[PDB]
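A.B. asks: sequence and experimental coordinates follow.
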There are 2 protein chains.
Amino acid sequence: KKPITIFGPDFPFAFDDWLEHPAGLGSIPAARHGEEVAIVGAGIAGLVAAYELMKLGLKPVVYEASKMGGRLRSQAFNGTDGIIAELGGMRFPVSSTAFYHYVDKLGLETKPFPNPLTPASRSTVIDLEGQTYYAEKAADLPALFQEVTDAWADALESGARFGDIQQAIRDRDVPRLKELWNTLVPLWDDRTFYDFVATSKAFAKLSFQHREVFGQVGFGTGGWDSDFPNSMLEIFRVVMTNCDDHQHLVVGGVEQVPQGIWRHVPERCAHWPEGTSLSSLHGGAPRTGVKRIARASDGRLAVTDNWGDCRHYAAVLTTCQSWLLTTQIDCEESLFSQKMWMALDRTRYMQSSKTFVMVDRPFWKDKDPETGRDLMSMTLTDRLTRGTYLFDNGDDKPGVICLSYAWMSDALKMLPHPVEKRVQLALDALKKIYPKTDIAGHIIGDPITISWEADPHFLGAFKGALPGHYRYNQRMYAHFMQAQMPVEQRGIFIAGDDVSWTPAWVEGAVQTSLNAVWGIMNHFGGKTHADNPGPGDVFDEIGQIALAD
Amino acid sequence: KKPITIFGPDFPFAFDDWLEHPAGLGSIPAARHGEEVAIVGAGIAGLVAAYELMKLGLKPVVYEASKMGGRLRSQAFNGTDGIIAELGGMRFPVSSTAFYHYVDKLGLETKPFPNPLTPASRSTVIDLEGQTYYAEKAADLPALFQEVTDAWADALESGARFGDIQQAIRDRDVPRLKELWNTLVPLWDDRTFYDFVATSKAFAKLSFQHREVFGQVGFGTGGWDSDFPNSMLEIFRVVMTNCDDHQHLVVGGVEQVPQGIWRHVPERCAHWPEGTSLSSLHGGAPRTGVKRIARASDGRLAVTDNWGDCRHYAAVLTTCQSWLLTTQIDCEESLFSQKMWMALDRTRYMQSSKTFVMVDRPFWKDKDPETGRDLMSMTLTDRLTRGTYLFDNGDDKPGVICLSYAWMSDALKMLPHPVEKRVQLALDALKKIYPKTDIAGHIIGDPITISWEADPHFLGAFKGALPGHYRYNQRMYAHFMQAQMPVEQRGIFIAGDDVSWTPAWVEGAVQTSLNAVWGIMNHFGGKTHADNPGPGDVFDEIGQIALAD
Ligand SMILES: Cc1cc2nc3c(=O)[nH]c(=O)nc-3n(C[C@H](O)[C@H](O)[C@H](O)COP(=O)(O)OP(=O)(O)OC[C@H]3O[C@@H](n4cnc5c(N)ncnc54)[C@H](O)[C@@H]3O)c2cc1C
Ligand SMILES: Cc1cc2nc3c(=O)[nH]c(=O)nc-3n(C[C@H](O)[C@H](O)[C@H](O)COP(=O)(O)OP(=O)(O)OC[C@H]3O[C@@H](n4cnc5c(N)ncnc54)[C@H](O)[C@@H]3O)c2cc1C
Ligand SMILES: NC(=[NH2+])NCCC[C@H](N)C(=O)O
Ligand SMILES: NC(=[NH2+])NCCC[C@H](N)C(=O)O
Ligand SMILES: NC(=[NH2+])NCCC[C@H](N)C(=O)O
Ligand SMILES: NC(=[NH2+])NCCC[C@H](N)C(=O)O
């Protein structure tokens, strides 16, 4: 059967094909080769855009105020080799084909993420209202869980034509996908996931306890209460495109993706010599942080860095989170329309906390001889840890445990504590669920924790779309199409997690980056190959619908 | 006409009559007089309860881990006498009769708060998408504003029977009020304010710009977008009891309320000698913070403070924010049911930021001769300041300006910055709105700002009720009614902002405090005077409805 991929629904453009096509992403007039283009941010969107723009014969100049890779971050444990903790993105649905084009281009290895109730996870434990349920396969779980999923499946079918939409994504039936999706947009934009569940027949006839459980752990593979405040359109996008299943981690860390792009020598270059990489073009590193972006008197854009070095560019791509433009960067008002500023100012963020420890061996695989249970499991609970993940690197090698993976309030509970106290609170809660298991006695190396908002170069882990925010996301997603814009707003671009329709998923950032690649190519008078048309070529036809005032 | 008051709708008990009635709140047996009851928190809920329990002849012992007065907090500017910035609650609707009982008992002066489009405010300025509208009265605004309000009024009438609910509150017609209120509870518990507006007929026929405006500034007297994610029941409670209009500030600072309660000598004391106050009973200060609460081997509760001093009490009232019980305080699991712990952990909190400066005079009253406009006004904007308040202390005296009053995301945008940066960013934004006013040249004293979550004894400014949370709040609001509880769960009580049905409004804190006074009096074997029945005497009849599973 034809695979689900992140194919629209909003802009069902075949990004994978475009990348894969042997003609390449187009060209720029030789008169403009070597000319510079500024990119704010060295995250995935920034680097992808830079790598392809280098390939088209430009010299991208990448600015990074903090850490390379952005929210793709793999930190090594003390004293080990290649045993990492994933601090940002960690599980990558195979439906993320544009993302995976670069994984494979770098020849990196992946393996299935140990999600609850998947072949990759041996067992799962669900812990609710002080009671514990053990499961080696879904069916082992009590009846209430199956009832929960049936209502979910039923609510999606009733309320979204889920099956029709999934089929249209599989066959890449564009007119059909847009027909289905377009009738949904004005009906769910301004309603939350909460309202979805509240007004669905299936959930209504179930108990309050059923709903409660659905929020905490879903039907036993992960909960939904962090997402409840979101526009129901966001949630649809996630489940429709199977973002939530068949996921992989990158072996040795997904940070290798942005680090590898940086150092990768493409087989073919416009203008540039053999062996040119983003790294060689920069002398090894991106520029420091951007502090100011202004319209210069000669028409160009002035980018001043933290150290006062001011440079002039025909174009600038920003990928830093939207609120930074309006607070931390001095970004001149004339550079965006009044309605673009309002879209950027209304982006909201979800909070995330994760805490990791390394262990001497995957002791959790050991069986308790009394009960036949694994000593520990992929753990879902209403206690403060929420989610606990188990990473086996072999019996031969040390294991990693993500003790706690929380969002929103639960992440806010962890925010003010030092690492030590987070690890201790987690271990306490895990003692309650597994009173006989001695996790602490297997722990080696240093603990590793992360709170994203706590970083000054981030506002949260990723955006979450509020109800009614379709129009703001729509203006942002279309910002790379500049034919109709006043001159004073052109030549600046945006891309990234904020611009994407599926914010907590790395593919949306890659996709938005590629749209920007086209917007920038176009801005330098370039165009796509006739047999490999690009985002801007088809966007007025199949692009995200616009809503009437 | 008979006044709107915070009278139900959930628990329409006339707290004002109870407190005013010459019989007093009841009695406790003489054998129990002088006996101690522990109170965790020296905010308004703790002090109120301590004050009345002391009058019934008990010896309350108040613990405060941080500052007295809690979220009622009034900080003096450098070098001035009685010129303060309100850091917690600042505007108190006259419907808050139980709160005002204590204000009047202490003889404090109030004056109308300078809300937009009130007699207290000369002018208001609305700033949206770079466009500025000036108004001396509501009608001076563009038509869109009046349309917004007509839709809002219509939606409340259609959706909630607002006019009948307000009439019944006025007449204090309990059966009627509960009839009308109880049909709403199951319908709107699990839907947001967003969905209410979305799905209202009146808003549906208006443009998106109408809704947008309604979030940002409402119909010109304050916006609603920080409240959009909340259970609609919460919003109904606020508009129905007129919490949002006819508000006063306390002259010289609302912090005089709790401080004054601390010092106040009641005219009549059971047990205690002439001249007894909370302060004399404590030798001048509350005890330090609380670290531990446990059940002691003699049946009483053991409270251990930060320094290890352990003391025993027949009952304990806690008013600290609910998550502190589950994290910062070591509260023994046996003291609460499993379902109570769950209600306590589900509390989520709203964020707030305020920044204030003092000025040499209320220069904003001056007129621009060209336009006839006040040089500045109460300002509502989509820029980062959001809300700006002007406080006139007389032509004779310095002014106070609340430069910025923001919630949620807008508040989080400010969180990480020092005061100097906040002030500057505010001043920059106000310059855009008033390019001709020189605010900075009037500023004297030190700038004052607050971020509540940043404090380690607070999680946010106040709770916000999520959809679906009615049952949790119901369990918590009724926790004071202990006749059905297991012995091991009795004698501890909760009260406060978190316990209340109207969480950003001081009355709910006072009201819940008074319910627990009743619970504690009941616990010591006391009772209310036959002609002045108290909360627990009628609670089973008119108390908050309980929802089936
Ligand atoms: C906790 C968490 C879990 C996640 N899990 C998953 C997952 O399981 N699966 C999945 O697919 N995706 C996941 N993601 C999403 C993925 O991590 C992001 O979508 C993606 O990495 C965003 O890339 P980007 O370039 O858009 O932004 P980023 O990677 O943030 O890049 C933007 C960069 O701009 C930089 N910057 C900021 N200010 C300035 C300045 N003044 N000057 C210069 N540079 C600046 C920042 O420092 C940052 O490096 C997760 C994200 C988080 C936070
Ligand atoms: C920014 C803001 C604006 C507001 N505006 C308004 C308004 O305009 N109108 C209005 O009516 N209401 C308003 N309020 C609400 C009002 O201020 C609160 O409802 C009320 O003051 C809360 O009172 P409380 O006694 O329940 O809690 P607090 O005043 O929070 O409680 C008392 C104390 O518990 C203490 N404590 C914590 N941990 C411990 C421990 N471990 N041991 C001992 N003690 C501990 C804390 O230090 C705190 O002092 C506002 C609140 C805020 C934050
Ligand atoms: N069994 C219990 N409910 N214990 C106390 C619960 C504390 C809270 N739910 C937490 O772990 O964050
Ligand atoms: N509202 C959200 N998108 N929440 C996070 C869910 C998706 C995210 N990529 C994860 O690994 O969990
Ligand atoms: N509402 C506006 N005029 N926005 C345009 C940019 C304003 C800027 N982001 C601010 O918060 O002050
Ligand atoms: N509708 C609300 N609860 N809004 C949030 C702030 C409320 C607060 N009591 C005030 O008047 O400032």
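C.D. replies: Yep, it's here. Residues are numbered from 1 along each chain as shown, chains lettered A, B, ... in the order given. Ligands and ions are numbered 1, 2, ... in the order given.
A.B. asks: got phi/psi on residue A:220?
C.D. replies: Here is the backbone geometry of residue A:220 (degrees, to the nearest 10): phi 110, psi 0.
A.B. asks: ditto for residue A:308
C.D. replies: phi 80, psi 0.
A.B. asks: so the residue of chain A positioned farthest from its centre, which of the three states?
C.D. replies: Computed with Cα atoms, centre = their mean, the maximum C-alpha offset from the centroid of chain A is found at residue A:370, amounting to 42.2 Å. Going by DSSP: H, G, I helix; E, B strand; the rest coil, the secondary structure assigned to residue A:370 is coil.
A.B. asks: pull the contacting residues for the residue of the stretch 1-150 of chain A found nearest ligand 3.
C.D. replies: The minimum distance from the stretch 1-150 of chain A to ligand 3, using Cβ to the nearest ligand atom, falls at residue A:130 (4.9 Å). Where you see a C-beta, it was placed from the backbone N, CA and C, and this is true even at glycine. Neighbouring residues of residue A:130 by Cβ atoms under 8 Å, 6 or more residues apart in numbering or on different chains: residue B:338.
A.B. asks: can you do 10 Å?
C.D. replies: Contact analysis of residue A:130 by Cβ atoms under 10 Å, 6 or more residues apart in numbering or on different chains lists A:382, A:383, A:432, A:433, B:333, B:338, B:341, B:342.
A.B. asks: pull out the buried members of those.
C.D. replies: The neighbour count (16 or more other Cβ atoms under 10 Å in any protein chain shown) marks A:382, A:383, A:433, B:341, B:342 as buried among those.
A.B. asks: which bits of the stretch 251-400 of chain A sit near ligand 4?
C.D. replies: When proximity is defined as Cβ under 6 Å from any ligand atom, the stretch 251-400 of chain A approaches ligand 4 at residue A:350.
A.B. asks: all helices for the stretch 201-350 of chain A, in order.
C.D. replies: Per DSSP state H, counting those that start in this stretch, the stretch 201-350 of chain A carries helices over the ranges A:201-204, A:208-217, A:232-240, A:256-263, A:278-282, A:323-326, A:338-345.
A.B. asks: deepest-packed of the ones you listed, please.
C.D. replies: Stretch with highest mean neighbour count among the helices of the stretch 201-350 of chain A: helix A:232-240 (a mean of 23; mean count of other Cβ atoms under 10 Å in any protein chain shown).
A.B. asks: who are the packing partners of that helix?
C.D. replies: helix A:143-160, helix A:162-170, helix A:174-188, helix A:193-198, helix A:470-477 (3 or more Cβ pairs under 10 Å, 6 or more residues apart in numbering or on different chains; DSSP states H and E).
A.B. asks: do the fourth one and ligand 4 meet?
C.D. replies: No: interface with ligand 4: helix A:193-198 contributes nothing (Cβ under 6 Å from any ligand atom), its closest point being 9.2 Å away.
A.B. asks: what is that helix packed up against?
C.D. replies: Counting by 3+ Cβ pairs under 10 Å, 6+ apart, helix A:193-198 packs on helix A:143-160, helix A:201-204, helix A:208-217, helix A:232-240, helix B:193-198.
A.B. asks: which of those helices sits closest to ligand 1?
C.D. replies: helix A:232-240 (10.5 Å).
A.B. asks: ok now the closest one, how far from the chain's centre?
C.D. replies: In terms of Cα atoms, centre = their mean, to the nearest Å, the centre of helix A:232-240 is set 14 Å apart from its chain centre.
A.B. asks: next, the angle helix A:143-160 makes with it.
C.D. replies: Between helix A:232-240 and helix A:143-160, the angle comes out at 120 degrees (axes from the mean of the first three to the mean of the last three Cα atoms, to 10 degrees).
A.B. asks: does ligand 4 sit close to helix A:232-240?
C.D. replies: No: Helix A:232-240 is not in contact with ligand 4 by Cβ under 6 Å from any ligand atom; minimum separation 6.7 Å.
A.B. asks: what angle separates that helix from helix A:174-188?
C.D. replies: 140 degrees.
A.B. asks: now helix A:232-240 and helix A:470-477, what's the angle there?
C.D. replies: Using the same axes, to 10 degrees: helix A:232-240 against helix A:470-477 is 60 degrees.
A.B. asks: distance of the closest residue to residue A:9 other than its chain neighbours relative to residue A:207?
C.D. replies: Of all residues not flanking residue A:9 in the chain, residue A:181 sits nearest, at 3.8 Å (Cβ to Cβ, 6 or more residues apart in numbering or on different chains). Distance of residue A:181 to residue A:207, given as Cβ to Cβ, to the nearest Å: 33 Å.
A.B. asks: do residue A:361 as well
C.D. replies: To residue A:207, residue A:361 is 42 Å away according to Cβ to Cβ.
A.B. asks: over to residue A:113?
C.D. replies: The gap separating residue A:113 from residue A:207 is 32 Å, by Cβ to Cβ.
A.B. asks: also residue A:134?
C.D. replies: Residue A:134 is 23 Å from residue A:207, by Cβ to Cβ.
A.B. asks: next, the contact list for residue A:302, please.
C.D. replies: Residue A:302 touches A:38, A:292, A:293, A:294, A:295, A:296, A:310, A:311, A:312, A:313, A:316, A:332, counting by Cβ under 10 Å, 6+ apart.
A.B. asks: in TSV: the helices and strands packed on helix A:193-198, plus distance to residue A:325.
C.D. replies: Formatted as TSV, the helices and strands packed on helix A:193-198 follow (distance: least, Cβ to Cβ, whole Å):
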stretch	distance to residue A:325
helix A:143-160	34
helix A:201-204	40
helix A:208-217	34
helix A:232-240	23
helix B:193-198	26
